[PDB]
Structure formats: C-alpha cells, structure tokens
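Asker: my sequence and its experimental structure, below.
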Amino acid sequence: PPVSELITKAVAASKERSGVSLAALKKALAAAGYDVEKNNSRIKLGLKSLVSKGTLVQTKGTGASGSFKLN
Amino acid sequence: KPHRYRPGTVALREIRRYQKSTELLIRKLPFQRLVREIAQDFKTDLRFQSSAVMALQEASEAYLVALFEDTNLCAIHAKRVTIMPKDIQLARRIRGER
Amino acid sequence: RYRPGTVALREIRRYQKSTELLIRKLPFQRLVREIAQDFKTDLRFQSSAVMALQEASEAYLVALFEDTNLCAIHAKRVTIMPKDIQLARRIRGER
Amino acid sequence: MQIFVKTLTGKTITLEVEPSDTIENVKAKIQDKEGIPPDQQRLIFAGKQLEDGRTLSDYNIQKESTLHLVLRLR
Amino acid sequence: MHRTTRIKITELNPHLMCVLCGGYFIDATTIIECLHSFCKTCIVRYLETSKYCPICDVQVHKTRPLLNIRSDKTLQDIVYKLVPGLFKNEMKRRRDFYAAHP
Amino acid sequence: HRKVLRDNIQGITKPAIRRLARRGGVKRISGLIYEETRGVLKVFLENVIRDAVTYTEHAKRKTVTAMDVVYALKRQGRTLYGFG
Amino acid sequence: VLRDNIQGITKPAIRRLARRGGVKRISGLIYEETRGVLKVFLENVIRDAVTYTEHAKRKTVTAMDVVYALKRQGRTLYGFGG
Amino acid sequence: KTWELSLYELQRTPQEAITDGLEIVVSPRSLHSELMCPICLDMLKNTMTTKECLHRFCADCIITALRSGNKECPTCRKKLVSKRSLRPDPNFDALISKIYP
Amino acid sequence: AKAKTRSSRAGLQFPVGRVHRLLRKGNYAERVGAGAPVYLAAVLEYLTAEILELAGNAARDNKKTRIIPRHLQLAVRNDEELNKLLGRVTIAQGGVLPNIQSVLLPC
Amino acid sequence: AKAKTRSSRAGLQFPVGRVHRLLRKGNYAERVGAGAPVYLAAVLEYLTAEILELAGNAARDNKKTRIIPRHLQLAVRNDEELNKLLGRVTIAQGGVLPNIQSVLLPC
Amino acid sequence: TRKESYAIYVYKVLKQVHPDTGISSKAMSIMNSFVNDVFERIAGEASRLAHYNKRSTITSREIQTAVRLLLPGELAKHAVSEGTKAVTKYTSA
Amino acid sequence: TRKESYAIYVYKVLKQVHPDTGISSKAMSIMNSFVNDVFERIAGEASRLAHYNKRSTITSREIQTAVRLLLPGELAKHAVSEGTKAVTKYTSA
Amino acid sequence: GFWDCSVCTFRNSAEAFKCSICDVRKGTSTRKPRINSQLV
DNA sequence: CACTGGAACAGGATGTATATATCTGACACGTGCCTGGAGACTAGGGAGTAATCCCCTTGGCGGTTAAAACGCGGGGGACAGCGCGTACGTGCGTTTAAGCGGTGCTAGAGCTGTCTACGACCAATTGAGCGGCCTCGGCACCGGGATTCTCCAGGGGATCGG
DNA sequence: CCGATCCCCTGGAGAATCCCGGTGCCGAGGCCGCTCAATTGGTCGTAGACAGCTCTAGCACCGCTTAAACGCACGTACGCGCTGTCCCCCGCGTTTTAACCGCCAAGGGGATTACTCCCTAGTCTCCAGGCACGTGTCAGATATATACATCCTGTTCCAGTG
Ligand SMILES: [Zn+2]
Ligand SMILES: [Zn+2]
Ligand SMILES: [Zn+2]
Ligand SMILES: [Zn+2]
Ligand SMILES: [Zn+2]
C-alpha cells in the first residue's frame, strides 16, 4: 500500500506527550518492513504532503526534523 | 537518598590534587619486576642498583605525562572531552616516534 | 568545465612527481636580505648560500603542511585552517 | 583638561576630565567610551590604587597624565 | 615441460641427513641466523647446552636460542618425497610406540 | 635459571594509568587507553634498557648502574637530572 | 631600507607548496599564517649564520656558514658541502 | 613455550640411512609446490628465504616486489623491512641443480 | 710570595683553576688560552645565581626555608628563557605546573 | 721492500690511512689504536655500498643510467632502517614520496 | 676516594643571594648536574668553532661566540657583559 | 689548494656494485656529506665512551660498541660482521 | 622596602613575591619579567 | 494514462603517456707532479693480570593495612542525520615583473713572508677542599576547629488550554 | 480566569580543605686533619697577528620576451548549528589481595693495589696515490606528433505516485 496509511499507523502507534521523532518513525517503518534507505526523498515528500494537508503537524523542528503529532 | 556528586567534580578534584603533589604514582615492585622482564631478553643474570630502577621510573612517568598532555590537546581539537587511541596515535605520529 | 577537486588532485600528482623549487628566486633573495639587514649593515651573500636557505625553507614548509593536513583530517574535515597549523607546531614543540 | 589611560593590550585612550572630577565619574566615562564594566577596573598611578569615591585632585593628577588600567574578571 | 628423472639417492643423500644424529631429516627445524637445518629433537637437545650453531659456530641468540628456531615444512616434505617409504615407516613406528604406553 | 619471568607487563594497574592521566590534565578516559599506554610504555622501556645493557656490557660489569641509565637517556635525547 | 618583501611570497606559491604536501582545500588565512612561520624560521637561521660569519672576521655569508647553522638547529642539509 | 618435547619426542630413534644403490624416479610435477616460485610461477634461481616465515622466492622477484611497495610477505602477508630480512639458500640451490640440472 | 687565587684576582666564587684543568684534560682543543676559564666561570656563576635567586623566591613563596626540586621546577618552568634553555631536560621529583584547559572547567 | 697499502692489506676500498690520520687530528682521544681505522673504514664502505645499490636499482627502474638526488631520496625513504638513520637529514633536490590520503580519493 | 663537586661554590652563591635559605641534597645534585651540562655544551661549541676556523686554541673570543650561539636573548646579553667584565678585571689586576 | 674528498672511493664502490651505472656531481657531493656525517657520529660516540670508562685509547672494541649503539638492527649486525671479518683478515697477514 | 612591578607599576610590599593585581612573578635584579598572560 | 525521480550509457573535450630527431654541455678518462703515506727503529707509559676486601644486592619470613577488583544504577556525552548559506574552486582577460644575456667595476676572499709574544713543560711549595663526626632545629605527621564548595528541594513566575 | 509545565532563585544539610598548635626525629650545617693539586717562577718553541699582493666573484644596470600573478564572475559543496537516541564511563559500596616495613643472613662482584710487558707516539728517509687540469663524446632536455585513459553532461529507460 502507499506510505500514507503506514505513516498514520506510525504516528498513532505511540501518541505520547510529545510527537514522534523522525528517527523513531524510520525505526518503526524499518521494523515493520520497508526500504527506508532508498526512500528518504519519498518519506520527505510524504512528510511535506501530510504537513500541507493538515493531517499531521510538526511539533518543534523545521522541515523534516523535529517531532510530529496528529491533529 | 544519600549524597552523590555529578560526573566531573571528582575528576577535577583528583586533577588538582595530583597536579599539586609530586610523588610517584606507579608501584615500585611491579615496575621492578617489569624492568627485570624486559632486561632478561638481552643478557642473563643481570643485577640492578636501586637508583637505576628509580631513574627508570622517573623517566617513564615524565614521558607518559607529556604524552597524555598532547593527547588531551588532540582530543580537545577534535571537539571532544574524552581521550582516545586515535588521539594517542595522532600525537605520537606528529611528534615523530612512529 | 571540471567539478571542484579534479584540478586539485591533478596538481597534487604533478607537484609530487617533480623536484624543482616552487618559490620565486628574486623575491626570496630580497626577503633574505631584508631579514638579515637588522643584524649587520652592508653584508654580502653567496648564491649557493641563498639556494641552501631556499631549499631548507621549502622542505620545512612541506613537512609542516603534511602535519597540518593530518591534523585537519583528524578533525573530520578536508580544509586546512590556521588552528591546525598552531596545534601541529604546539605538538612539535616550536611554540 | 585631557588625560591618558594605558591598557595591557598596548592601547592608549584619552579622556576629558577636571581636577574636581571623581574616580566614579572617570570609570563612568570609560564605561561610556569603551564598554568595560567599572567593577573589573583597577586604576594605578604613582604605584597606588585609586579609591572609588576620591577625586583626581586628591591624587594631585595633572593635565596630560596617564593612568594604568587593569582588568580582572569577576 | 621437464621429463621424469631417475637419479642416485646416493648422489642426493649429502644434503638430507641431520649432522647431529646422522640420519635423514625428521621433523626438520632450522636456525635462521645462518639458515641451518637439523632434527627438532636434535637441535633442541643441542640448544640446552650450547648457544652456537653446530656447523659454523654462529651464535643463535644472546640469551634464549629457543626463540630463533622455525619448522621447515617445505624441507620436511621434500625429504619425505625423496626418501621412499620414510613417512610410512615413521607412521608405523609411531603407532607401535603408542600401542604400548597409553 | 632463577625464573622465566613472564606476564609482568600488566604490573601497571588501570588506577595507576588513570592517576597518570589525571596528572596530565585528562577528565574522561576511554576503555582502550590502558592497552595503548601499556604498549607505548613497553616500547620505551625496551629501547632504554637495551641502551643501558649495551653500556654495561661494554664496561665488562654485571650490574646496571644509574650512571649507565642516565647516559642512555642522554643518548636518546631525554636528559635527566638528580642521579649524577 | 627594504620594505614589503614578505608580500613577495605569493598565494600561488603557498598553494603549490601545500599541493606538494598533499592538501586539497585551503582556507583564507593559511597564507598569512605561513608568511609568519616562514619569517620566524628565516630569522632564526639568519641570526645563527650572521653570528658565524661575524666570528669568522668576514663580511660575506657563505654556504658553509648556512650549513653549520642548520646543523646546529637540528636540520642537517646535504648537497652543499660539509 | 611451544617447544617442550612430547613423550615420544624425548627418546625418538634416528632413521637409518639407505646405503643401497637404488634410483629415485621423479615426475616434473612431484615437487611443484615446493620448487615453484610464488612470484614468477617458475623454478627457483638464487633462492632467497625470509627470516621470519622461511618462505622461498627468486632474488629478482622478491626484490622487485619489495621495491614496488607493500613490504609484506607475498605468501603469508607478514611484513619484512628490506633485503636484510632474507638470506641466500645454497642448500636449496644445490638440491635444485642436482634434481633438475 | 704569598699565593693568591685567580678566582680572587677576578672577583669570582667559581674555581677558575678547576675549570682550566677540566678544559685542558677535556680533550676539547690542543691548547687553551688564559681568559677562557675565567669567562666560562663567570657565565656559570651568573647562571647559577639567577637559578638560585628564582628558586629561593619560589621557596619563600611557600613559607619554607629549604630549596627543593619542586621549587626548582617551578622557577625553571615559570622563567621563559630558562625553560627554553632547559626544554629537553627532566628534573627528578619536579612535578608539573598546575594548569587547566578552560573548556574542561564549568562555566 | 715494496710498499703495500693498508687498504689492500685489509681487502678494502676506503682510505684506511686517511681515516687513521683524521682520527689522530680530530682531538677524539689522546691515543688511537691500530685496529680502529680498519673497522671504521669497513663500516663506511658497507653503508655506502648499500645506499648505492638501492639508488642504482631505483635509477634502473626509472630507465636512466645516472644516479641523481631524486633516486637517492627514493632509495633512502623507501627503506625503514635507512629512513630512521637519516630521519633528521634533508636531501637537496629530493622531492617527496608520492602519497595521497585515502579519504581525499573520490569514491 | 675523592669525588669533586660544585657544592661549596653553589652554597657560597646562595649565601650571596639569599642570606637565610638552605639547600637539600637532591637540589644540590640537580644544580651540580646543571652546571656540568652547561659546561660541556659550551666547551663542545667552542671546540667546534676552533676546528671550523682552522685554529688550535680556545680563547675568550671563542667562548664569547659559543655563549652567544647557546644562550637565548637577555641571558646571552648579560652573560657576555659579566664575562667581559671579569676578563678585563683579571687582566688589569 | 687541494681539497680532498671520497669521490674516487665512492666511484670504485659504485663500479663494484653496478658495473654499468654512473653518478652525477650533486649526488657525489651528497654521498661525500653522508660519509662525513656518519664518520663524525661514530667517532664522537667512540671518544665519549673512551672518556667515559677512564681510558685514553680508541680501539676496535670501542668502535664496535659505538656502531652497535648507533645503527638500528640488521644494519648494525651486518656492519659488525664486516668489521670483524676485515680486522681478522688484516691482522692475519 | 617596597618594589615596583614591571607589568603594572603597582607599589608592592617586600614580603610578597607575587604581584597583588596582575599576579605575575617578580623578576630578578638584572632581568625583569616580560609580557605574561597576553589576554587581558 | 500522465507526472516525478534514480540508475545506466555514450560521445566530446581534455590531459597524459608513448615514439623519434637534435644538439649540446657535463661526465669520464688521460697526464704531470708533489705532498702525504709507508717502512724501520727506539723508548716509555697505559693496560692486562692476579690477589684481596667488604659494600651492597638478592632471597626469605609475618602483619598490617591500603589499594585493587567487582558489581550496580544512571546521567551525560558521542555519534548519525538534516538543512542552510557562505566561502572557495575554476575559468577568463589583463597587467606585471621575473628570467635571460651581456657589460663594467671593484671590494674583498685567499695566499705568503716575518716576527714576536703566548702557552706548554718542569720543580718546589703550601693551603683549599674533601672525608669523618656530631648535634640541634625545620619539617613531617597528628588532631580539632573553622571555612569554602556542591547539590537538592521548595518556591515564585510566565504561559497554553480550558 | 485557574490547572500544570517549564524556568530562575534561595536556603540549608553535608563533604573537602585550609589554618593552628604539639611532638618527635634525622640530615644540614659547622668544625677538625690531612694531602694532593693549584701557585709561582723560569725556559723554549711555534701559532698567529700584521702587512702586502693578486684576481674573482658579487653588485649594479640595461632591454626584450613571455610566463606567471591579479581581479572578477559564478556556481556548488562543505562546514556549522540543531536535534535525538542510546550506551558506556563515573561515583560508590563491599570483598580480597598483595605491597610495605622491619629484620635477618649469605656471598658476588665492584673497587683498589702491585707488577710487568708490548703497543703506540715520535723521527727519519723514500716514493707513488691522488689531485688539478685539459679534452672528446654521448646522455639527456627539448621539441613534435600521436594513441589511450579520465572526466563530464545529456539523454534514455524503468520504477514510484495521482
Ligand atoms: Zn637429527
Ligand atoms: Zn650455522
Ligand atoms: Zn621467481
Ligand atoms: Zn611469509
Ligand atoms: Zn603588577
């Protein structure tokens, strides 16, 4: 499936006091099974898309860094 | 909850004490046995005056202290506070002993 | 046009394969005379003496540059900066 | 009148003061002109440290005199 | 491509016996300071009483000549192939000696 | 002989190396510094002892003297004061 | 008076020396640092050479004097005699 | 250490020499691995043997290999500093000349 | 006539005669002059006086009255020219000059 | 009797007589033994032969028939023991060994 | 047997400089070694100068040049002044 | 005025080792300087040893000890072998 | 009596052997100390 | 079915190693000569050898701690990934001065003769400095206050959500 | 307009370290005898300081050619924060082990003394080994043409998404 619902699952997995960090979501995707090595640009553009659409907002960092949390 | 000092304080205190002191730090008997170990290779049934092993210990301690100072400078230059074998190797290579 | 680095590597190979001097003779001679002017007045210099001075200076500079390159590389960079030279001289014992 | 102050870095500064001016005013002026905190400044002339509340006349400072400024971090 | 040669073992014998025992090289060991080869037992027995080479009297080492001896596997294989049945004979002696003291 | 002295290079204890580093001005020490220091000290002692033994053997004696050790250190460029 | 003779040690010359040393990338202050280092080295060597020739009751510095100065400083040089 | 004689090695008996007049028949490949130069892949000539690993090479072969670079043993990768780490082998030279004149 | 020492002639404390004897038997040259031992003794005396003055100042800084290798090392390593002269010499029981890298200190 | 040179007597090429004279006039000691010059001449000859052989090998590799300072520098620097012996010596017109730090090599 | 040293002379200098300070045995050994080292360095330099200049005599001029080569800066300057003063006093006396 | 050098001896050694190879003037001067430097080092060490043991003679034993002190490892071993063989050959004639 | 420090000209007492302000070691009769602690 | 990117490939420009002709200046060899090395021979002192003394090194035994070794909990520093923006490499067109070849002059390095003062060598002598002995005061070690330096809990203070 | 969450401030308990006064012990400093080397006084030989002369190599100046340095425009890749994870030294308490100190006993070899002999310095005569100088020839630098290896960018193909 396209990475959208996997990203939703990753962000919904913890939903802790702060947002999930970029390294944490990469680790979760790798554990679930995915080639995050060659999809750095794909995950970056997905992050851009789901911060543009307002589904998930960025907590503290800028660009692809920092933490993310659901709306 | 007992008393605990945060990391670094005891290190600084020991640094001050050992820089203010002047006594030897390595133990006489182990150093003597190591000296006899090394000397055993060249000749057999040698004997050592006590002043000889004292001088050897003095020279070894001075050399190690200087090497550690240069190692600390290298580690600081590398933007760290922990000394490492890479720092020791770089210091010795630049000094010209290897 | 070439990307940065190619000409640098080519010049490194070229100058490591050759043995000629790299500093201009007349400027080096004028520098030597000016430096020596402060110690004694109306001196004279032999051409062999000037050449020996230049050879020694070039060898010392090349050795110091190799040391500063090692220091800079240890610093996890590829660009040399004055602090590298300063640390190299400090460890060598010249400062 | 004009006087001079010499620093440990080889820098010489000039000040416009009067014999009736106090040391507090002088350190206020060096604050104004170079930004150095008055607390870290120690003034020296005739081998003697100047006091905070005294005047320049009390030390018999004349025109074009040169003080010595020392900085110690607090 | 060379041919197959039939030659005197008597003509080759000179460069194959250990001078300490007089017999063929068995588990050869060589001192490296003069590159001299003998039997391992022969040379180790010699080195417990003297510090010079049996042939040219060159000092093997200043203190511990046991540090300057190396096994010559190539020489042992060459002498094994040259001498017919030597390896089988030695294997038989080993089994016979081991069959009595276990 | 008296004994085949062996495994004595570890005489320098980790605390001793730490004390030397503290005197040198070191705050934080990794785990491999101990092995590296032991190797360096062994090399230094080997060189100096070889020089001193050469002097003593040339002197036709059987006791290594502080004078010979001082001379070896001077030969290596490590001039030492306090022992004649 | 001879002035601004250190500026004769040019940036391309320093670049060539660094290239022979194996340097790929050079900052902007390395040139000034190198000029200072070279000036100090030359000052020391020239002082020793001048002392030697002054003792020799001469007025021309020779390659033998330069070689002796370098030997004293620990930088023995071969090829020019001695 | 690593040289203490075993129980058999304490009293092993010498092997008698064969004085019988018989001939040895050898193919050109029987001693190939023992007489082939590791570098030029041919027979040895002016054999040079390393002091540390007792490995045999041609003099020119090993000298060129060391001069080119990688100052280690071409066979077991053990380092050797210079020519002084090798020795000539007249025994090997004589044996080779006898076997294949 | 009563004998007067060359040290008394030159107003020096050091043994000019002993220095002359050492120079003669030191195998330095075929012959030696007259003023060379006096000059060498004067230089040695000046160096010794400077070193002893610095060491005594360092010793009295610690409210003690005996010079020790610690005070000697302190003075030698604190004097720039003396340290440059004695850069490659080790002093027994001398210790190390106390200094701390600023980055290592808390701020 | 016909004169026979001491160098030929010892089977050497170097001037044993000149070495003996230099040992006399160098103020090294009061007396110099007869066997001393032979040893020194032999040692000097051995070192010269070694360095010349290495230089000749380098020159033959470079397809030339004359030894130059570049060949001498290559021979000295490519041998560990000779490099240690001459570590503090600068050879005029020698250049440096071709060596590039690996990480500077573009991957 | 006799073993000569510089202990009494260094003690005299110490009494000229600091009239109330004493010296320990180890410091005495340190100072003796320092004097010996400086003496041998200067003598070696003077001998080398004389050999270079094809001379057979060590003189005050050679000692002066050796001191100038060895001692750094102000130390060399003051040493030269002291030596010249002592030599001229010895000659004029 | 004659100025002596080791040119002829170095050339003879070069012809002994490599029959068909020549040498230039700069390399000749380099070899001359190298020989002089090694000679001075060995002679200085031997003289120091002779003074050190309270003796007034420099002999083959002193030269051997100096060579072993200076040359590293295999170079020292081969130099010692050459010196001993040369001395034996010279004295047995 | 008192002595004047070269670094800062302060009239320092005889009993002290470190300067009160700039904390530089006192120098010898002939050679006076020089610039120390270049940073202010 | 219409967008993107990332790996793969091919031709053009560039640089470098390879094959010949040349002409020339430095290397290799031959010659005369003079100074330094070799052969004989004598004398005296340094070093080798043998005997003896006693200073200091090695080896062993027992207690007493002081230091070393091991394990545990946790916080802070090393390391990897990411983004930005500024300094540095590259190429072009213009300006500068270094290198070459020649002339002219003369200050000074280098060699030679002389002659005088300075340093080595030798005897007689006497006083400074080294070895031995001893004794008393500065310094090492002890214990008790007093003082300075860390570290954590409690407490105000600004701020988002509700 | 209050919860609660992070950020700055202060007080007090607790451990380290300085300052003062006592006590004891050993080595630093001063004194006595003697002996050997530094002084004084003389003679003799040559090392070098001085003056003269010669010629060579260093300094100064000119004009031409062209290679190198300078200044500028432009793009890109590398250094420098910033964040986040995790793991590995650090501080401390409990067990254990061997270094230190004091004491003894044996004897090995370092240090000293007397004797002697042969090895090297010193001197003279004789001669050939090596050094300065001259000259011819080919090793090698330079110029020119050519083939091969590197490098770079444009295009193309296959795999993602919307
Ligand atoms: Zn056998
Ligand atoms: Zn052998
Ligand atoms: Zn081969
Ligand atoms: Zn091998
Ligand atoms: Zn001050």
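Answerer: Good, I have the coordinates. Residues are numbered from 1 along each chain as shown, chains lettered A, B, ... in the order given. Ligands and ions are numbered 1, 2, ... in the order given.
Asker: who in chain I is up against chain C?
Answerer: Contact residues, chain I versus chain C (CB under 8 Å from any CB of the partner chain): residue I:87. (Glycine included, C-beta is placed from N, CA and C.)
Asker: and the longest helix for chain I?
Answerer: helix I:35-60 (DSSP state H).
Asker: can that one be said to contact chain M?
Answerer: Yes. Residues of helix I:35-60 are located near chain M by CB under 8 Å from any CB, namely I:50, I:53, I:54, I:57, I:58, I:60.
Asker: distance of the most centrally placed residue in chain K from ligand 5?
Answerer: Central residue of chain K (CA atoms, centre = their mean): residue K:39, 5.8 Å from the mean position. Counting by CB to the ion, to the nearest Å, the gap from residue K:39 to ligand 5 is 36 Å.
Asker: can you verify my assumption that that residue contacts residue I:28?
Answerer: No. Using CB atoms under 8 Å, residue K:39 is not in contact with residue I:28, being 10.7 Å away.
Asker: how far off centre is stretch I:90-98?
Answerer: 17 Å (CA atoms, centre = their mean, to the nearest Å).
Asker: before we move on, back to that, so which helix or strand takes in the residue nearest to the centre of chain K?
Answerer: Using DSSP states H and E, residue K:39 falls within helix K:25-52.
Asker: ok, that helix near chain I or not?
Answerer: Yes. Residues of helix K:25-52 contacting chain I under CB under 8 Å from any CB: K:26-27, K:30-31, K:34-35, K:37-39, K:42-44, K:46-47, K:50.
Asker: now the angle from that helix to helix L:25-52?
Answerer: Interaxial angle, helix K:25-52 versus helix L:25-52 (axes from the mean of the first three to the mean of the last three CA atoms, to 10 degrees): 140 degrees.
Asker: and helix K:25-52 with chain C, contact?
Answerer: No. Against chain C, helix K:25-52 shows no contacts by CB under 8 Å from any CB, the least distance being 15.7 Å.
Asker: now that helix: buried residues?
Answerer: Buried residues in helix K:25-52, defined by neighbour count with 16 or more other CB atoms under 10 Å in any protein chain shown: K:26-36, K:38-39, K:42-43, K:45-50.
Asker: residues contacting the residue at minimal distance from the centre of chain B?
Answerer: By CA atoms, centre = their mean, chain B has its centre lying nearest to residue B:64, at 3.7 Å. Residues near residue B:64 by CB atoms under 8 Å, 6 or more residues apart in numbering or on different chains: F:20, F:24, F:37, F:40, F:41.
Asker: tell me which residue in chain M sits closest to chain B.
Answerer: residue M:18 (16.7 Å; CB to the nearest CB).
Asker: how far away is the residue lying closest to that residue once chain neighbours are set aside from residue D:57?
Answerer: In space, residue M:18 comes closest to residue M:25 once its chain neighbours are excluded; the distance is 6.4 Å by CB to CB, 6 or more residues apart in numbering or on different chains. Remark: distance between residue M:25 and residue D:57 (CB to CB, to the nearest Å) = 36 Å.
Asker: these two - which one has more neighbours?
Answerer: Higher neighbour count among residue M:25 and residue D:57: residue M:25, with 19 against 13, using other CB atoms under 10 Å in any protein chain shown.
Asker: the strands in chain D, which residues?
Answerer: D:2-6, D:12-16, D:41-45, D:48-49, D:66-71 (DSSP state E).
Asker: so where do the strands sit in chain F?
Answerer: Assigned by DSSP E, chain F shows strands spanning F:28-29, F:63-64, F:80-81.
Asker: burial of residue 20, as a residue count?
Answerer: The chain I'm using is chain A. 21.
Asker: wrong chain, I was asking about chain F
Answerer: A count of nearby residues for residue F:20, using other CB under 10 Å, gives 22.
Asker: list the contacts of it.
Answerer: B:25, B:26, B:61, B:64, B:65, B:68, F:37.
Asker: so which of those residues belong to strands?
Answerer: Among those, no member lies in strands (by DSSP E).
Asker: among these, which lie within helices?
Answerer: Reading helices off those with DSSP H, I get B:61, B:64, B:65, B:68, F:37.
Asker: what's the local residue count around the residue in chain H that chain D sits nearest to?
Answerer: Using CB to the nearest CB, the single residue of chain H nearest to chain D is residue H:69, 54.2 Å away. Using other CB under 10 Å, the number of residues around residue H:69 comes to 8.
Asker: again with residue D:40
Answerer: 13.
Asker: what residues are up against the closest residue to residue E:56 other than its chain neighbours?
Answerer: Distances taken as CB to CB, 6+ apart place residue E:34 nearest to residue E:56, at 5.5 Å, with adjacent residues excluded. Listed by CB under 8 Å, 6+ apart, the contact set of residue E:34 reads E:53, E:55, E:56, E:58.
Asker: can I get stretch H:10-26 in PDB? Just the C-alpha atoms.
Answerer: The C-alpha coordinates for stretch H:10-26 follow below in PDB (Å, rounded to 0.1, in the frame of the first residue of the first chain):
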ATOM      1  CA  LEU H  10      62.000 -37.300  24.400                       C
ATOM      2  CA  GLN H  11      63.600 -40.500  23.100                       C
ATOM      3  CA  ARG H  12      62.700 -40.900  19.400                       C
ATOM      4  CA  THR H  13      65.200 -43.100  17.500                       C
ATOM      5  CA  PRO H  14      67.100 -41.900  14.400                       C
ATOM      6  CA  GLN H  15      66.200 -43.200  11.000                       C
ATOM      7  CA  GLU H  16      68.900 -45.300   9.300                       C
ATOM      8  CA  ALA H  17      70.300 -44.000   6.000                       C
ATOM      9  CA  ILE H  18      69.800 -46.100   2.900                       C
ATOM     10  CA  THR H  19      73.200 -47.200   1.500                       C
ATOM     11  CA  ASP H  20      71.600 -49.400  -1.100                       C
ATOM     12  CA  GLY H  21      72.300 -48.400  -4.800                       C
ATOM     13  CA  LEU H  22      68.700 -47.800  -6.000                       C
ATOM     14  CA  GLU H  23      67.400 -45.000  -8.200                       C
ATOM     15  CA  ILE H  24      64.600 -42.400  -7.500                       C
ATOM     16  CA  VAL H  25      62.100 -41.700 -10.300                       C
ATOM     17  CA  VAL H  26      60.500 -38.300 -10.200                       C
END
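Asker: return the set of buried residues in it.
Answerer: Applying 16+ other CB under 10 Å to stretch H:10-26 flags H:12, H:14, H:15, H:24, H:26 as buried.
Asker: tell me how far residue B:83 lies from residue F:20.
Answerer: Residue B:83 is 12 Å from residue F:20, by CB to CB.
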